[PDB]
file coords04.csv (CSV, C-alpha atoms)
chain,number,residue,atom,x,y,z
A,292,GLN,CA,-201.8,184.6,51.7
A,293,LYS,CA,-202.5,180.8,51.8
A,294,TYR,CA,-201.4,180.6,55.4
A,295,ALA,CA,-203.6,183.5,56.4
A,296,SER,CA,-206.6,181.9,54.5
A,297,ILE,CA,-205.9,178.7,56.4
A,298,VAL,CA,-205.5,180.4,59.8
A,299,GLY,CA,-207.3,183.7,59.5
A,300,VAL,CA,-204.7,186.5,60.1
A,301,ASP,CA,-204.8,189.2,57.5
A,302,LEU,CA,-203.1,192.5,57.2
A,328,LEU,CA,-178.8,211.5,51.5
A,329,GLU,CA,-176.8,209.7,48.8
A,330,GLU,CA,-173.7,211.7,48.4
A,331,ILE,CA,-172.7,209.9,51.6
A,332,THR,CA,-172.0,207.2,49.0
A,333,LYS,CA,-170.4,208.9,46.0
A,334,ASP,CA,-167.4,209.9,48.0
A,335,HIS,CA,-167.7,206.5,49.6
A,336,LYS,CA,-167.2,205.3,46.0
A,337,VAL,CA,-164.7,207.5,44.4
A,338,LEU,CA,-161.9,206.5,46.7
A,339,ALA,CA,-162.7,202.9,45.8
A,340,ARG,CA,-162.9,204.1,42.2
A,341,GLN,CA,-159.5,205.7,43.0
A,342,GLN,CA,-157.7,203.1,45.2
A,343,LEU,CA,-158.8,201.0,42.3
A,344,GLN,CA,-156.7,202.6,39.7
A,345,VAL,CA,-153.6,203.3,41.8
A,346,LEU,CA,-153.5,199.6,42.6
A,347,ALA,CA,-153.4,198.7,38.9
A,348,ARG,CA,-150.1,200.6,38.8
A,349,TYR,CA,-148.8,198.3,41.5
A,350,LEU,CA,-149.4,195.6,39.0
A,351,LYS,CA,-149.5,197.6,35.7
A,352,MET,CA,-152.8,196.2,34.9
A,353,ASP,CA,-154.7,197.9,32.1
A,354,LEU,CA,-158.4,198.3,32.6
A,355,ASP,CA,-159.0,199.4,29.0
A,356,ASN,CA,-157.4,196.7,26.9
A,357,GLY,CA,-160.6,195.0,27.7
A,358,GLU,CA,-162.1,197.6,25.4
A,359,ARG,CA,-159.5,198.5,22.8
A,360,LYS,CA,-159.7,194.9,21.6
A,361,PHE,CA,-163.4,195.6,21.7
A,362,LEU,CA,-163.0,198.5,19.4
A,363,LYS,CA,-160.4,197.1,17.0
A,364,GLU,CA,-162.6,194.0,16.8
A,365,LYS,CA,-165.1,196.6,15.7
A,366,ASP,CA,-163.5,199.0,13.2
A,367,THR,CA,-162.3,195.9,11.4
A,368,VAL,CA,-165.9,194.8,11.3
A,369,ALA,CA,-167.5,197.9,9.7
A,370,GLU,CA,-165.0,197.7,6.9
A,371,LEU,CA,-165.3,193.9,6.9
A,372,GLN,CA,-169.0,194.5,6.3
A,373,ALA,CA,-168.7,197.5,4.1
A,374,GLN,CA,-167.0,195.1,1.7
A,375,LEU,CA,-169.7,192.5,2.3
A,376,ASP,CA,-172.6,194.8,1.3
A,377,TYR,CA,-170.9,196.3,-1.7
A,378,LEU,CA,-171.2,192.8,-3.1
A,379,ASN,CA,-174.9,192.3,-2.1
A,380,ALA,CA,-175.3,195.7,-3.7
A,381,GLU,CA,-173.3,194.9,-6.9
A,382,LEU,CA,-174.1,191.3,-7.3
A,383,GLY,CA,-177.3,190.6,-5.4
A,384,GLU,CA,-178.6,188.5,-2.5
A,385,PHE,CA,-179.8,185.8,-5.0
A,386,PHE,CA,-176.3,185.3,-6.4
A,387,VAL,CA,-174.6,185.5,-3.0
A,388,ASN,CA,-177.1,183.4,-1.1
B,292,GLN,CA,-185.3,232.3,32.1
B,293,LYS,CA,-184.3,233.8,28.7
B,294,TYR,CA,-185.2,230.6,26.9
B,295,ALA,CA,-188.6,230.4,28.7
B,296,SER,CA,-189.3,234.0,27.8
B,297,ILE,CA,-188.4,233.3,24.2
B,298,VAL,CA,-190.4,230.0,24.1
B,299,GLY,CA,-193.0,230.4,26.9
B,300,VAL,CA,-192.5,227.5,29.4
B,301,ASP,CA,-192.3,228.7,33.0
B,302,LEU,CA,-192.2,226.8,36.3
B,328,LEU,CA,-178.2,210.2,58.9
B,329,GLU,CA,-174.7,211.4,58.8
B,330,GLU,CA,-172.9,209.2,61.3
B,331,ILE,CA,-173.0,206.8,58.3
B,332,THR,CA,-170.1,209.0,57.3
B,333,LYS,CA,-168.1,209.7,60.5
B,334,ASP,CA,-167.1,206.1,60.8
B,335,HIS,CA,-166.8,206.1,57.0
B,336,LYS,CA,-164.2,208.8,57.7
B,337,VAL,CA,-162.3,207.7,60.8
B,338,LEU,CA,-160.9,204.5,59.2
B,339,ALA,CA,-159.6,206.8,56.4
C,340,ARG,CA,-147.5,207.2,49.2
C,341,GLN,CA,-150.5,207.2,46.8
C,342,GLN,CA,-153.3,205.6,48.8
C,343,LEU,CA,-152.1,208.3,51.2
C,344,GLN,CA,-153.0,211.3,49.2
C,345,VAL,CA,-156.3,209.9,47.7
C,346,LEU,CA,-157.5,209.3,51.2
C,347,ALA,CA,-156.9,213.0,52.1
C,348,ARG,CA,-159.5,213.8,49.4
C,349,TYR,CA,-162.0,211.6,51.3
C,350,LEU,CA,-161.4,214.1,54.1
C,351,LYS,CA,-160.1,217.1,52.2
C,352,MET,CA,-157.0,217.1,54.5
C,353,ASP,CA,-154.2,219.3,53.3
C,354,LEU,CA,-150.7,217.9,53.9
C,355,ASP,CA,-149.0,221.1,53.0
C,356,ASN,CA,-150.7,223.6,55.3
C,357,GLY,CA,-148.3,222.2,57.8
C,358,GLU,CA,-145.6,223.9,55.7
C,359,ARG,CA,-147.2,227.0,54.2
C,360,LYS,CA,-147.6,228.3,57.8
C,361,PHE,CA,-144.0,227.2,58.1
C,362,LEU,CA,-143.1,229.4,55.1
C,363,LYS,CA,-145.2,232.5,55.9
C,364,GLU,CA,-143.9,232.3,59.4
C,365,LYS,CA,-140.6,232.6,57.6
C,366,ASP,CA,-140.9,235.3,54.9
C,367,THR,CA,-142.3,237.5,57.6
C,368,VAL,CA,-139.2,236.7,59.6
C,369,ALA,CA,-136.6,237.7,57.1
C,370,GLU,CA,-138.3,241.1,56.7
C,371,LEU,CA,-138.9,241.2,60.5
C,372,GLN,CA,-135.1,240.8,60.8
C,373,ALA,CA,-134.1,242.9,57.9
C,374,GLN,CA,-135.7,245.7,59.9
C,375,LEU,CA,-134.0,244.6,63.0
C,376,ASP,CA,-130.5,244.7,61.5
C,377,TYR,CA,-130.9,248.0,59.7
C,378,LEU,CA,-131.1,249.4,63.2
C,379,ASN,CA,-128.1,247.6,64.6
C,380,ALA,CA,-126.4,248.9,61.5
C,381,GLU,CA,-127.6,252.4,61.8
C,382,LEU,CA,-127.7,252.8,65.5
C,383,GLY,CA,-125.4,250.2,66.9
C,384,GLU,CA,-125.4,247.2,69.2
C,385,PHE,CA,-124.4,249.4,72.2
C,386,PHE,CA,-127.4,251.7,71.8
C,387,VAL,CA,-129.8,248.8,71.1
C,388,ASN,CA,-128.5,246.4,73.8
call {"tool": "encode", "arguments": {"input": "coords04.csv", "output": "structure tokens"}}
result
Amino acid sequence: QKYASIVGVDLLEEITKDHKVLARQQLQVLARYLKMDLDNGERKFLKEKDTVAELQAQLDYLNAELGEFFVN
Amino acid sequence: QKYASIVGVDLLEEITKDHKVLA
Amino acid sequence: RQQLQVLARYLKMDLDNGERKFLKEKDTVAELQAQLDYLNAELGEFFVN
């Protein structure tokens, strides 16, 4: 816009999905060639979690029984 | 159609061929 | 052996039709023959030949 002000010169898809799935497929079969779990990167993420809820469920019993004044 | 009656609310490719041949 | 088959899905290319033909060409044969030998049994190879 600055250059024009200074000069003056103004003015379907499914083709893909398949093109994906094989990748999505050749993906997994490869893992078998290396035995490389693509879910361990989540199970951690879930056990890190279930342990949390309970970790917390403890933590809030206290704030409920004792009080945030006491605790803090 | 039954739900609407009960409620009342009516109303190029060559990209592929190559994408095949290699396969 | 795996990337093989999954590819087929990208083209939907049966790798067994090249046998099912080979089997129906067959079951039809046995019976085709089972007829043919009843005759040689009932009539005789002299008659037939």
call {"tool": "closest_residue", "arguments": {"input": "coords04.csv", "among": "A:382, A:369, A:343, A:375", "to": "residue C:342", "atoms": "only C-alpha atoms"}}
result
A:343
call {"tool": "interface_residues", "arguments": {"input": "coords04.csv", "of": "chain C", "to": "chain B", "cutoff": "9 Å", "atoms": "all atoms listed in the file", "output": "PyMOL selection string"}}
result
chain C and resi 346-347+349-350
call {"tool": "write_last_selection", "arguments": {"input": "coords04.csv", "atoms": "C-alpha atoms", "output": "PDB file, in the coordinates of the input"}}
result
ATOM      1  CA  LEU C 346    -157.500 209.300  51.200  1.00  0.00           C
ATOM      2  CA  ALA C 347    -156.900 213.000  52.100  1.00  0.00           C
ATOM      3  CA  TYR C 349    -162.000 211.600  51.300  1.00  0.00           C
ATOM      4  CA  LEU C 350    -161.400 214.100  54.100  1.00  0.00           C
TER       5      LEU C 350
END
call {"tool": "residues_around", "arguments": {"input": "coords04.csv", "residues": "residue A:344", "least_positions_apart": "4", "cutoff": "12 Å", "atoms": "only C-alpha atoms", "output": "PyMOL selection string"}}
result
(chain A and resi 337-340+348-355) or (chain C and resi 341-342+345)
call {"tool": "atom_distance", "arguments": {"input": "coords04.csv", "atom1": "atom CA of residue C:380", "atom2": "atom CA of residue C:364"}}
result
24.2 Å
call {"tool": "atom_distance", "arguments": {"input": "coords04.csv", "atom1": "atom CA of residue A:332", "atom2": "atom CA of residue C:348"}}
result
14.1 Å
call {"tool": "atom_distance", "arguments": {"input": "coords04.csv", "atom1": "atom CA of residue A:384", "atom2": "atom CA of residue A:362"}}
result
28.7 Å
call {"tool": "interface_residues", "arguments": {"input": "coords04.csv", "of": "chain A", "to": "chain B", "cutoff": "12 Å", "atoms": "all atoms listed in the file", "output": "VMD selection string"}}
result
chain A and resid 328 to 336 338 to 339 342
call {"tool": "closest_residue", "arguments": {"input": "coords04.csv", "among": "A:372, A:345, A:383, A:359", "to": "chain C", "atoms": "all atoms listed in the file"}}
result
A:345
call {"tool": "closest_residue", "arguments": {"input": "coords04.csv", "among": "C:344, C:355, C:383, C:368", "to": "chain A", "atoms": "all atoms listed in the file"}}
result
C:344
call {"tool": "decode", "arguments": {"input": "coords04.csv", "residues": "chain B", "atoms": "N, CA and C atoms", "output": "short mmCIF file (atom, residue, chain, number, x, y, z; two decimals), in the first residue's frame"}}
result
data_model
loop_
_atom_site.label_atom_id
_atom_site.label_comp_id
_atom_site.auth_asym_id
_atom_site.auth_seq_id
_atom_site.Cartn_x
_atom_site.Cartn_y
_atom_site.Cartn_z
N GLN B 292 -37.08 -37.69 9.47
CA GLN B 292 -38.40 -37.21 9.09
C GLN B 292 -39.38 -37.41 10.23
N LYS B 293 -39.28 -38.55 10.92
CA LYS B 293 -40.14 -38.79 12.08
C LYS B 293 -39.87 -37.77 13.19
N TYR B 294 -38.59 -37.50 13.46
CA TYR B 294 -38.23 -36.53 14.50
C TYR B 294 -38.76 -35.14 14.16
N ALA B 295 -38.66 -34.76 12.89
CA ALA B 295 -39.17 -33.46 12.46
C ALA B 295 -40.69 -33.40 12.55
N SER B 296 -41.37 -34.50 12.24
CA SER B 296 -42.83 -34.53 12.37
C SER B 296 -43.23 -34.44 13.83
N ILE B 297 -42.42 -35.02 14.73
CA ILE B 297 -42.73 -35.00 16.15
C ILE B 297 -42.30 -33.71 16.83
N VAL B 298 -41.40 -32.95 16.22
CA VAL B 298 -40.90 -31.71 16.79
C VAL B 298 -41.29 -30.51 15.94
N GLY B 299 -41.23 -30.64 14.62
CA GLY B 299 -41.62 -29.56 13.73
C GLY B 299 -40.49 -28.72 13.20
N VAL B 300 -39.42 -29.34 12.70
CA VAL B 300 -38.28 -28.64 12.13
C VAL B 300 -37.97 -29.32 10.80
N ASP B 301 -38.47 -28.76 9.71
CA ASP B 301 -38.26 -29.31 8.38
C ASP B 301 -37.14 -28.55 7.66
N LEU B 302 -36.76 -29.07 6.50
CA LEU B 302 -35.72 -28.46 5.68
C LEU B 302 -35.95 -28.75 4.20
N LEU B 328 -8.03 -32.13 -11.15
CA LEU B 328 -9.29 -32.64 -10.62
C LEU B 328 -9.12 -34.01 -10.01
N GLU B 329 -8.76 -34.97 -10.86
CA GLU B 329 -8.74 -36.38 -10.49
C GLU B 329 -7.39 -36.99 -10.80
N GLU B 330 -6.73 -36.47 -11.83
CA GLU B 330 -5.36 -36.87 -12.13
C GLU B 330 -4.46 -36.69 -10.92
N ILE B 331 -4.86 -35.82 -9.99
CA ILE B 331 -4.23 -35.72 -8.68
C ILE B 331 -4.06 -37.11 -8.10
N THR B 332 -4.97 -38.01 -8.46
CA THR B 332 -5.00 -39.36 -7.93
C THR B 332 -4.19 -40.34 -8.76
N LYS B 333 -4.44 -40.38 -10.07
CA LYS B 333 -3.86 -41.40 -10.93
C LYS B 333 -2.39 -41.60 -10.62
N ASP B 334 -1.62 -40.52 -10.74
CA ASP B 334 -0.24 -40.58 -10.27
C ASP B 334 -0.20 -41.08 -8.84
N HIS B 335 -1.01 -40.49 -7.96
CA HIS B 335 -1.09 -40.93 -6.57
C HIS B 335 -1.43 -42.41 -6.47
N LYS B 336 -1.82 -43.04 -7.57
CA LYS B 336 -2.02 -44.48 -7.65
C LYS B 336 -0.80 -45.19 -8.22
N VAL B 337 -0.34 -44.74 -9.38
CA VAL B 337 0.59 -45.55 -10.16
C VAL B 337 1.78 -45.96 -9.31
N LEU B 338 2.32 -45.02 -8.54
CA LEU B 338 3.45 -45.36 -7.69
C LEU B 338 3.09 -46.50 -6.76
N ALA B 339 1.89 -46.45 -6.20
CA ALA B 339 1.40 -47.58 -5.44
C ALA B 339 1.32 -48.80 -6.34
#
